[PDB]
Amino acid sequence: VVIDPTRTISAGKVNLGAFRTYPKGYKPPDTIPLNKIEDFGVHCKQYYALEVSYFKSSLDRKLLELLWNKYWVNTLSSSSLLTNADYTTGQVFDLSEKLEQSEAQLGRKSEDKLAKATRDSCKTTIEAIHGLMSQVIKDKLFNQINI
Amino acid sequence: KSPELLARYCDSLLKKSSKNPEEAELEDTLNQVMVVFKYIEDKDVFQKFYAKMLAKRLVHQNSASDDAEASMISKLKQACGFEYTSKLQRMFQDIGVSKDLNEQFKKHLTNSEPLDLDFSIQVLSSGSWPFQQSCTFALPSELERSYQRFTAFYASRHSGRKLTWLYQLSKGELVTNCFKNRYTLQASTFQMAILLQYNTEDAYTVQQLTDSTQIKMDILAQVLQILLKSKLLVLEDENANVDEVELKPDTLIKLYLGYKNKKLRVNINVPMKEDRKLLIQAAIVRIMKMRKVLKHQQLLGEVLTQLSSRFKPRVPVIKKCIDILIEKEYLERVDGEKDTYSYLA
């Protein structure tokens, strides 16, 4: 795990990355290379980056949401589907690429790409519907009061 | 020391002697010098003592076969590169430019009131020559008018340029009208001023010469010593050995009226006479780790930003540090760009 305190402080969000490496002299698999060497080291193909996610317990969640008043105010006005719209469009784009690959594969190593594409589509649609549900709840809570 | 010796060989070769080698064999021995030159592992040091040797050769007009000088630097330029011979190219071009400048100045003199002495000057250039104004000097009353004249000629031709005359490296010729016969001696500007001080009176004390010429103590003492060596200034006690005579600002030195040297071309102007690298390497490796892919110019700028604020390192030292770090396989060149480094640990 590699952290970057300076960018974390200057950007307001944590900069973290988890990585794993390949065996010595094993797996040399085959605009991308230029940026890849620009932001990674010279050994771009020698290691890969895991997808980092965070979690918390129920007591931790309760204590955090009950710590300051700025955490339930920011939930009733979080306004999703606009904070991270660009991430949604990127997810739709690489979803389209994955669907094209699955269509190519199913016409004729053994991974069943269609199932993974469907899982990704269900995930992103579920985030979209969650955002819409938050907006609907906010509208029913605030707009539909006092005529 | 061997590079220095080879360069002194070069000096003889090009300088000047009683016998002038023919142009055919002059390049023949120069080719042999370049045969061993490439074998020399370190090239930077050779330019260091070649610059001052060449500067003394040209500023005194003691160089022989100036055409061979052009070909000599021409051979060097294709050997190591433009950057290695950039400073020496300035020295040769300054001599050629000033030689043309003298011809136009003479023509300008005829169309106006002529001078009283034959005046020639080498303009040189600032920033490329090792010389610098180091000794204060009072301009003699006889060498002032021509002085001003040339300044005018250098103000109408070139605007925005300021001249800084170097009296230490200036020579001249002085005629006499009071000796037994008509003599014509050669002396530097300092000796000329000292000998022209005696134009109106007979004897002066040392302090009376120091306050009239404003020359500093050491150079003035040396000039008086060499003048006494030429037995042109005679002390009161003739029998005292000149070398062991202790000079004080009270002796009344008088011009030797009875000078009777047989030669009429007396030449009294005879000449006289690690830790940082580790810091640069550390700065380079740190900058390379921070910026994974960099250009040579950007790397130089970053090194100057981070480290040059401390001791102002020289750019060739940083380039050599980059080369040795490349040899240590700390950072590698990238194909497709001549000047591009990637931090390969």
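Residues numbered from 1 in each chain as written, not as in the entry; some residues may be left out. Chains lettered and ligands numbered in written order. Part of a larger assembly, values for the part shown. Heavy atoms only, no water.

Structure determination for the deposited model, as stated in its record, used cryo-EM, and the stated resolution is 3.16 Å.

I keep staring at the overall build of chain B and nothing clicks. Help me out?
A count of helices and strands for chain B gives 13 helices and 8 strands. For chain B, the spread of C-alpha atoms along the three principal axes comes to 80 × 45 × 45 Å. Taken across its 345 residues, chain B has 36% of its residues classed as buried. For chain B, the exposed surface amounts to about 22000 Å²; the carbon and sulfur share of it is 51%. (Helix = DSSP H or I, 4+ residues; strand = E, 2+ residues; numbered from the N terminus. Buried < 20%, exposed > 50% of the residue type's maximum accessible area, 1.4 Å probe, protein only. Areas by Shrake-Rupley, 256 points an atom, 1.4 Å probe, with all protein chains shown as cover.)

When you look at the environment of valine 175 of chain B in this model, what are you seeing that I'm missing?
Residues and elements named next belong to chain B. Residue placement: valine 175 occurs in strand β1 (residues 171–175). Take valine 175: its relative accessible area is 41%, and that puts it in the partly exposed class. Between the C-alpha atom of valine 175 and that of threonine 210, which follows or precedes it by 35 residues, the distance is 23 Å. Discounting chain neighbours no more than four positions away, the residues touching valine 175 are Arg182, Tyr183 and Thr184. (Contact = heavy atoms within 4.5 Å.)

Would you take a moment to explain the side chain of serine 342 of chain B for this structure?
Looking at the element boundaries, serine 342 of chain B is found in strand β8 (residues 340–342). Taking relative accessible area as the criterion, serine 342 of chain B reaches 1% and is therefore assigned buried. Beyond its immediate sequence surroundings of up to four residues, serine 342 of chain B is in contact with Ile37 and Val42 of chain A together with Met288, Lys292, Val293, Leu331, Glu332 and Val334 of chain B.

Sorry, what's going on with the nonpolar core here?
The tendency in soluble globular proteins is for nonpolar side chains to be buried side by side. By size, the foremost hydrophobic cluster in this structure holds 40 residues, and its most contacted members are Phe150, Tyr198 and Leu232 of chain B. Listed by contribution, the elements that provide at least two residues to this core are α5 (86–110), α6 (145–156), β2 (184–188), α7 (189–197), α8 (206–213), α9 (217–229) and β5 (252–255) of chain B. (Core = buried A, V, L, I, M, F, W, Y, C linked by side-chain atoms within 4.5 Å.)

Honestly, the interface of chain A and chain B in this entry has me stumped. Any pointers?
It is common to give the size of an interface as the accessible area that goes away when the parts come together. Counting from both sides, the interface comprises 5 residues of chain A and, opposite them, 6 residues of chain B. Counting every contact that joins chain A to chain B gives 0 salt bridges. Seen at the junction of chain A and chain B, the total is 1 residue pair in polar contact. In terms of residue class, the side of chain A that touches chain B is made up of 3 nonpolar, no polar and 2 charged. (Salt bridge = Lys/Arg side-chain N within 4 Å of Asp/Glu carboxyl O. Polar contact = N/O pair within 3.5 Å; in protein donor to acceptor, adjacent residues only side chain to side chain. Nonpolar A, V, L, I, M, F, W, Y, C, P; charged D, E, K, R; others polar.)

Hey, could you run me through the sheet that holds strand β3 (residues 203–205) of chain B in this one?
Two orientations exist for strands paired in a sheet by backbone hydrogen bonds: parallel and antiparallel. All names here are of chain B. The sheet built from 3 strands is open, its strands ordered β3-β5-β4 with antiparallel pairing. Every interior strand has two partners, whereas the edge strands, β3 and β4 (233–234), have only one. In terms of strand pairing, β3 meets β5 through 3 bridges, oriented antiparallel. Within the sheet, the bridge partner assigned to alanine 203 lies in β5 and is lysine 254. In the packing of α8 onto the sheet, the strands contacted are β3 and β5, and the crossing angle to β3 comes to about 85 degrees. (Pairing = 2+ DSSP bridges. Axes fitted to C-alpha atoms, helices over the stretch in contact; angles between N-to-C directions.)

Looking at this model, I keep getting lost on the side chain of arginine 149 of chain B. Mind explaining?
Residues and elements named next belong to chain B. Along the chain, the position of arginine 149 falls in helix α6. One buried charged residue, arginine 149, forms no salt bridge at all, with the nearest opposite charge on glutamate 113 at 5.0 Å. If we skip the residues at most four places from it in the chain, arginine 149 touches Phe105, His108, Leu109, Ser112, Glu113 and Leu115. (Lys, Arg positive; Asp, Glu negative; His and termini not counted.)

What is the right way to read α9 of chain B from this model?
Owing to its 3.6 residues per turn, the α-helix brings residues three or four apart onto one side. All names here are of chain B. When the terminal C-alpha atoms of α9 are compared, their 18 Å separation across 13 residues agrees well with the 18 Å that a helix rising 1.5 Å per residue should span. Listed as buried for α9 are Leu220, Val223, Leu224, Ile226, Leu227 and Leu228. Buried residues belonging to α9 abut α7, α8 and β4. Trailing α9 by a residue or two, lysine 231 shows a phi angle of about 45 degrees, which is positive. (Expected span 1.5 Å × (residues − 1).)

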